[PDB]
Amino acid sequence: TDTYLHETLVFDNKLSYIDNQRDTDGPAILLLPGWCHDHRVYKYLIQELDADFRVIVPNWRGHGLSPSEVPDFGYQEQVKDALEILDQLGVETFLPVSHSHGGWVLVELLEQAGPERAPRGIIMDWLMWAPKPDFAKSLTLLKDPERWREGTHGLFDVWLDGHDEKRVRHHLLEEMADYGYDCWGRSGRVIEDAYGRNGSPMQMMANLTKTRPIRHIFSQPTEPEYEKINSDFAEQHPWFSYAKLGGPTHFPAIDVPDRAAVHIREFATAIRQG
């Protein structure tokens, strides 16, 4: 699976990316990481999809097996990076699939690339409402150079949700262990800025120039009030659907990869029949 790992120069920066280079019918599946992790979060998902789809995973600036400090940037830049990697690859039509706050990239990608290129989107486990106090606090801590690690530890708590989930723990404790304050502090300001200026993920999605099929697939928050904002948005919007996957953690791509795959396929197959 590092057998698909590549590095290319994208404007200023060298970025790593996964590309299985599969020669198959489109669309391509663009798996989009959230903040301060990389393609390793998708390694099980890649396996499920590897045969039948071409699978691309861009790593953001300063992200990868070897994280590095980079100048400040936000989701608009993540979007340009992703498209530039797609140009270099000669990829025309893609189905993007985001994790958590990678979603801001996904929704702006849908806008900029438009519905012929990007006709649908899948968002995984992305907090649909405006920050509640506990999350607002976590962001506060991530931005603070004295308390960022404390910041991350509280998020890991929420994310594992009282589960001894071996794979998810491995991702958080090992695969993200090399990411420092330059990333985490940035994630904090970019996400906080994103809610502030777009209201919420749902406000941002509803505001698309060309609305199109988007599904939210999630396991947490587990509470009925959260399912209800998702059911109410879906009642109000024909193009929106959701599925509650019932996995243990914030990372369905890791802990229920078969299930995430089944929704990606469904949306892939809908693109294949006009």
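Throughout, we count residues from 1 along the sequence that is shown.
Per the PDB record, of the two stretches 131-139 and 156-164, 131-139 carries the greater mean B-factor over its C-alpha atoms. With 82-90 and 168-176 compared on mean CA B-factor from the PDB entry, the stretch scoring higher is 82-90. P71: CA B factor lies in the highest third for its chain, per the PDB record. Looking at the C-alpha B-factors along this chain, the one for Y242 belongs to the lowest third.
In the deposited entry, the Cα temperature factor of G103 sits in the bottom third of values across the chain's modelled residues. In this PDB entry, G26 carries a Cα temperature factor that places it within the highest third of its chain's modelled residues. Placement of the Cα temperature factor of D12 within the chain: highest third of the modelled residues, per the deposited record.
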